[PDB]
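Report on the following structure.
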Amino acid sequence: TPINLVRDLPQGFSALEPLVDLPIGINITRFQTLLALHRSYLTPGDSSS
Amino acid sequence: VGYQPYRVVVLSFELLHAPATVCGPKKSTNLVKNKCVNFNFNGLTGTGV
Ligand SMILES: *[C@@H]1O[C@H](CO)[C@@H](O)[C@H](O)[C@H]1NC(C)=O
Numbered sequence: 208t209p210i211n212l213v214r215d216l217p218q219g220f221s222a223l224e225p226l227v228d229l230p231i232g233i234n235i236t237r238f239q240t241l242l243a244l245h246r247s248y249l250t251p252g253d254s255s256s
Numbered sequence: 503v504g505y506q507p508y509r510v511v512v513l514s515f516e517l518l519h520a521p522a523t524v525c526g527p528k529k530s531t532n533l534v535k536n537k538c539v540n541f542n543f544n545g546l547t548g549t550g551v
């Protein structure tokens, strides 16, 4: 859904149509997200500081 | 003939608690319309036009 804002999500209504379905049948209790960082010429290129 | 090499492939099928993922081919009869017929579209055995 396109929007032009930084915070305080709008009060508009938008349903979520279904997506692909996974027939797995496993256990689940925890999750974590993945992020991407950049290594330009400004940073020395080491993942320490 | 008995000393000639032979290729042997063994198929094994097992059942677990997971939903079935391997299924055989199905058949499909021709579609007749505007008549009092019986149909079964995977969720109900409905009779009608
Ligand atoms: C995971 O699933 C199995 C069978 O589906 C069940 O026996 C087990 O208790 C589940 N574990 C948790 C933590 O829910």
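One line per chain: the protein sequences are B and A, in this order. All the letters of the first sequence, read from the start, carry residue numbers 208 to 256 under the authors' numbering. All the letters of the second sequence, read from the start, carry residue numbers 503 to 551 under the authors' numbering. Backbone N, C-alpha and C fix where the C-beta goes; we use that ideal spot for every residue, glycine too.
{"query": "Proximity winner among B:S256, B:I210, B:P225, relative to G219 of chain B (alpha-carbon distances)", "result": "B:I210"}
{"query": "Closest Cα partner of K529 of chain A within the set A:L513, A:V539, A:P521, A:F543", "result": "A:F543"}
{"query": "Nearest-angstrom Cα separation, counted from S254 of chain B out to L518 of chain A", "result": "44 Å"}
{"query": "Run of the beta strand (DSSP E) containing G252 of chain B, from where it starts to where it stops", "result": "Element bounds for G252 of chain B: n/a, residue is neither H nor E."}
{"query": "Within chain A, partners of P230 of chain B - CB distance below 8 Å", "result": "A520, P521, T523"}
{"query": "Bounding residues of the beta strand (DSSP E) (the contiguous stretch that carries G550 of chain A)", "result": "547-550"}
{"query": "Given 8 Å, three or more beta-carbon pairs between the region 219-238 of chain B and the region 504-514 of chain A", "result": "no"}
{"query": "Beta-carbon gap between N540 of chain A and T547 of chain A smaller than 9 Å", "result": "yes"}
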